[PDB]
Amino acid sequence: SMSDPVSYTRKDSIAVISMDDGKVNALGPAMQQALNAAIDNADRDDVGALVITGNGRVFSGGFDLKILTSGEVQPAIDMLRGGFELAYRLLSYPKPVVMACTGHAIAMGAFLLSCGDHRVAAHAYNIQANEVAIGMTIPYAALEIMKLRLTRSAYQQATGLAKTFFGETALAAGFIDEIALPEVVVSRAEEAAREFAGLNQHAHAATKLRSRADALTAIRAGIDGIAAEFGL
């Protein structure tokens, strides 16, 4: 539901966090708060791993366009900061995080997707930073998230050319780690999550931070520089 856009379900060693706002899982304030609250729940349950899913229509269509373009600056800035804060939180999360990309992932939807330790999508799901196509420059925080995962040549095209990836081209590019049929995307993500929960948690938490140190520092800077993007 739009009022209640996130569900949380503990399954033995994992927690499944599912976005469904009835529409395209826009990452506005309500959605961000719902996600953060679900993660707090996973912290409380001390689960072995997280799965985050979209709905049957998309993973996420990104930030809420209504807020972004209402003509009020501070709320748009605040929505942007919160989205990238959440990305930071997922990239630094001390448990394995698996993304079940259950539909298209556009812009912030794709940036959020790129925060998972393991990412599962179906062959025909579009993954795209479409900013340049719609006349926006890609924020530094988003650039750093993408640069952490996309091959050097895919990064060039994904950014400057707003290239759309899917299936095998998304896998080769580093926009996803696993392809599965639509009807088993979630099951495959849960399966992967259960396996990762068997890894040593301390070693995983510590190693992932080392493998992402420079990106996380650059993302923190990008979050604090969001206002400057606007020139504000």
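For clarity, a rigid core is taken as the largest C-alpha set superposing within 1.5 Å between two forms. Residue indices: 1-based, along the sequence shown.
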query: 183 to 191 against 62 to 70 - segment lying farther from this form in 4 other deposited structures of this protein (CA RMS, rigid core fit); finding: 62 to 70
query: Which of 94 to 102 and 71 to 79 lies farther from this form in 4 other deposited structures of this protein, as RMS of C-alpha positions after a rigid core fit; finding: 71 to 79
query: 64 to 72 versus 200 to 208 - greater average Cα B-factor per the deposited record; finding: 64 to 72
query: Stretch with the greater mean C-alpha B-factor as recorded in the entry, comparing 73 to 81 against 113 to 121; finding: 73 to 81
query: Top Cα B factor in the deposited entry, candidates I138, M99, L90, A107; finding: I138
query: Cα B factor band for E190 (lowest, middle or highest third within the chain); finding: middle
query: Third of chain Cα B-factors occupied by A180; finding: highest
query: Third assignment of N55 from its chain's C-alpha B-factors; finding: highest
query: Lowest, middle or highest third - CA B-factor, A218; finding: middle
query: Chain thirds of CA B-factor: placement of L35; finding: middle
